[PDB]
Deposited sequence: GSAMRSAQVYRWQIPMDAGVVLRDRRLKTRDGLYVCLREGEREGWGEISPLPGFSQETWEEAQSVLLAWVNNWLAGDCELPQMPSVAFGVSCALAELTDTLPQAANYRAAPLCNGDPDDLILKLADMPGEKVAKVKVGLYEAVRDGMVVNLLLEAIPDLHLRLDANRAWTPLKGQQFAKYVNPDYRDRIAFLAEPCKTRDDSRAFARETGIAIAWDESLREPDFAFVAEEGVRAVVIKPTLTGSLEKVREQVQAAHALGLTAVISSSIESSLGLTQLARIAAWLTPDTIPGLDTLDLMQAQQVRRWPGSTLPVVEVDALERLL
């Protein structure tokens, strides 16, 4: 016997993004229970919050009637599939809560957002960090920020002898041909990110490419995310499971999907401190308050 609940919320963030708005699905079959988060990201997700809601509510009504197509809309396919996996006890409880800290115990790994302004500033900060911590490895996020020139102007400031400790620079340039060229000229390893979510992306052996970054809320189902992880691992690449700024609930399932699918790869989930509260599920060690389901706006 099936039942379902949908919640709508907005969490305050630490004039771009002052709230994060989203949704939870709770599927219930017999005594079992599954949750999932549907939170499309403004500027990044194609579909909107309110479109997400419509499709989520409609899909749920289908689910109650026993039919089992999932929507191909990324945010909804994702959350709906997390709920479905929790129903069947398949998503293990084990999770990777180890952080590659942003900003700007084991393998030391950090994350730097680059390409925001001057290429110079980024390479300088990058060099500084790698110089100070001899065993630090860095993950860099460009989001296609650079012309070939700026791709060169950034690397200008990074000691070639530390460059092997940049695990990846994601999407340095505006075209993939230029990012590949930057990899070759600079000997700096690259990752694809936004390329993966554009139509007709192929997993292909490319010299210089060592990682892919997989954002599940912008990709779709957990089944599709898995697929992309397996494709990468066949090519020898690192699959990083990453945050699309999900609430604590989605972040903990991303943590769980990481341990399950990319067990030795720290996920890119250090986005909780951007927000002012957790909801439903705790992230271990966060002292941010926790909103109970009790207090969530219920649409279904």
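Coordinate coverage of the deposited sequence is interrupted at 1 to 3, 18 to 24, 115 to 127, where no C-alpha atom was modelled.
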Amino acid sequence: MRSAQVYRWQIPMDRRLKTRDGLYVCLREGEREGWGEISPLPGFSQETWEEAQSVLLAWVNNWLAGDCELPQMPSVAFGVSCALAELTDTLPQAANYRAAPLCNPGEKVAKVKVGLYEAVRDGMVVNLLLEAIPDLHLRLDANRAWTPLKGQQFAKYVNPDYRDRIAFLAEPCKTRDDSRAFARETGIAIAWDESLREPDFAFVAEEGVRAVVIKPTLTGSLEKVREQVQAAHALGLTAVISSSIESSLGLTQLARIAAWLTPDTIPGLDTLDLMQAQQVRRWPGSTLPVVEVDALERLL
From here on, numbers count along this sequence of modelled residues.
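When the C-alpha B-factors of 181 to 189 and 110 to 118 are averaged, 110 to 118 comes out higher. The entry lists C-alpha B-factors for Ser247, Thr48, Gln253, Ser242, and the highest of these is at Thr48. Comparing C-alpha B-factors across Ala83, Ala95, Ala202, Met73 in the deposited entry, the largest value falls on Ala202. Among the modelled residues of its chain, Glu171 has a C-alpha B-factor that falls in the lowest third according to the deposited record. In the PDB entry, a CA B factor belonging to the middle third of its chain's modelled residues is recorded for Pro267. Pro148: CA B factor lies in the middle third for its chain, per the PDB record. In the PDB entry, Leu87 places in the middle third of its chain by CA B-factor. Sort the chain's modelled residues by C-alpha temperature factor and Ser221 lands in the middle third, per the entry.
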